[PDB]
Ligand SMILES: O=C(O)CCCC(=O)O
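In the block that follows, a single chain appears as structure tokens, in the form deposited without the ligand.
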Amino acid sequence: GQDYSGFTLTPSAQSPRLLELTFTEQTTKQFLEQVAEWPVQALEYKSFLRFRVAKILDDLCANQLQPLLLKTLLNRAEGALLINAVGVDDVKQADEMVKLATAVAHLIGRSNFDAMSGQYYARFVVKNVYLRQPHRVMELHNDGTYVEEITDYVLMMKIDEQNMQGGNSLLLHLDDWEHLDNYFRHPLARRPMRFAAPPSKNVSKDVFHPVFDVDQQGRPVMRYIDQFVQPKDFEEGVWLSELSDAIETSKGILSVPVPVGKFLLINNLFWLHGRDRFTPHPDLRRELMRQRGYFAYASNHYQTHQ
């Protein structure tokens, strides 16, 4: 897999659509040196620092990182990366992991406020383990379905993993989904359906949008999640239960281990993600970090006025 300045990039073992990007040891060391003056707390309080750490990392890769991240994420044939930095691979370096993921995400867009943490990222710990039963699979879905704005990317980092069996990230690229055409050509694929937010501590209003939509070239994209979609009647409800089964039993699903220090960064429009079951263990300890946001990048394109 191609050799770039400051990192290497190779196809994963689960699929050619998922590329593995690894920052070299030298790059990692220099980046950590160069962002040491800003604790994670500074990035939380001053959002411009999230972009600044991104600039520092991209400059360390001779400005080849930003364009490669964008090309990969916007490429319909790919759209997903598994990213890591040599030397960042233990729970003790959680702050460095956050800085690294923040730098990468802010070269391609901006991470949105997360209601679970009150910050631009959220860290979650699973230990001492309906929705949190270890034997339960978290079904494949897209993020951001209960708000008006589109979530373009999902970032999921493994911060810690102790006594963990299973729990791989599940992924499904729409073009690997064998039932795509059947569901996409159904009239219900284009009908606006109600999507309702969870608890919501005084934060929302229901939104309406179809389960499928199209990209700029007319190819199918999805905005689906079983828990938040609210079928209005028996017609919508039975169809969605069939859609759900068609997605969950798809032969195109990928099962991707995400070792400590690594993170998945995927295009949320044509990739769905979920999580496999895992075995309970008294000393199990799993810590994750997530960021979700929109893409924001430059291109030669039209404008009006001056």
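Quick note: we count residues from 1 along the sequence shown, nothing fancier. Basically, rigid core = biggest C-alpha set you can superpose within 1.5 Å across the two forms.
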(message) Once everything is fitted on the core, do the CA positions of 182 to 190 or those of 135 to 143 lie farther from the shown form in 4 other deposited structures of this protein?
(response) 135 to 143
(message) I'd like to know which segment deviates more from the shown structure in 4 other deposited structures of this protein: 228 to 236 or 212 to 220, using C-alpha RMS over all structures and residues after a core fit.
(response) 212 to 220
(request) Say whether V203, which has coordinates in the shown structure, is without coordinates in a third or more of the other compared entries. (result) yes
(message) Where both flanking residues are modelled in the other PDB entries compared, is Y153 itself missing in a third or more?
(response) no
(message) I'd like the number of residues from the deposited sequence that lie between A115 and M116 yet are not in the model, binned as none, 1 to 3, 4 to 9, or 10 or more.
(response) none
(message) Quick check: 264 to 272 versus 50 to 58, which has the larger average CA B-factor in the record?
(response) 50 to 58
(message) I need to verify one thing: averaged over C-alpha atoms only, is the B-factor higher for 22 to 30 or for 251 to 259?
(response) 22 to 30
(request) Kindly indicate the residue among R219, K99, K92, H173 with the greatest C-alpha B-factor in the PDB record. (result) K92
(message) Just the C-alpha B-factor column, please: which of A77, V125, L73, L155 has the biggest number?
(response) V125
(request) Could you look up the Cα B-factor of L188 in the entry and say which third of the chain it sits in: lowest, middle or highest? (result) lowest
(request) Among all modelled residues of this chain, ranked by Cα B factor, put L65 in the bottom, middle or top third, i.e. lowest, middle or highest. (result) middle
(message) Using the temperature factors of the C-alpha atoms in this entry, rank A196 within its chain: lowest, middle or highest third.
(response) highest
(request) Determine, from the deposited record, the chain-internal third of the Cα B-factor for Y146: lowest, middle or highest. (result) highest
(request) Using the B-factors in the PDB entry, rank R17's C-alpha atom against the chain and give the third, lowest, middle or highest. (result) middle
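The same protein also exists as the form solved in complex with the ligand; that form is not shown, yet it is the one meant from here on.
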(message) Given a 4.5 Å cut-off on heavy atoms, tell me which of 141 to 149, 157 to 165, 98 to 106, 209 to 217 is the interface stretch with the ligand in the bound PDB entry.
(response) 141 to 149
(message) By the heavy atom within 4.5 Å rule, which residue out of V86, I225, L174, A94 makes contact with the ligand in the bound PDB entry?
(response) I225
(request) Look up in the bound PDB entry whether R286 has a non-hydrogen atom within 4.5 angstroms of the ligand, and give yes or no. (result) no
(message) Does any part of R292 reach within 4.5 Å of the ligand in the bound PDB entry? Heavy atoms only, please.
(response) yes
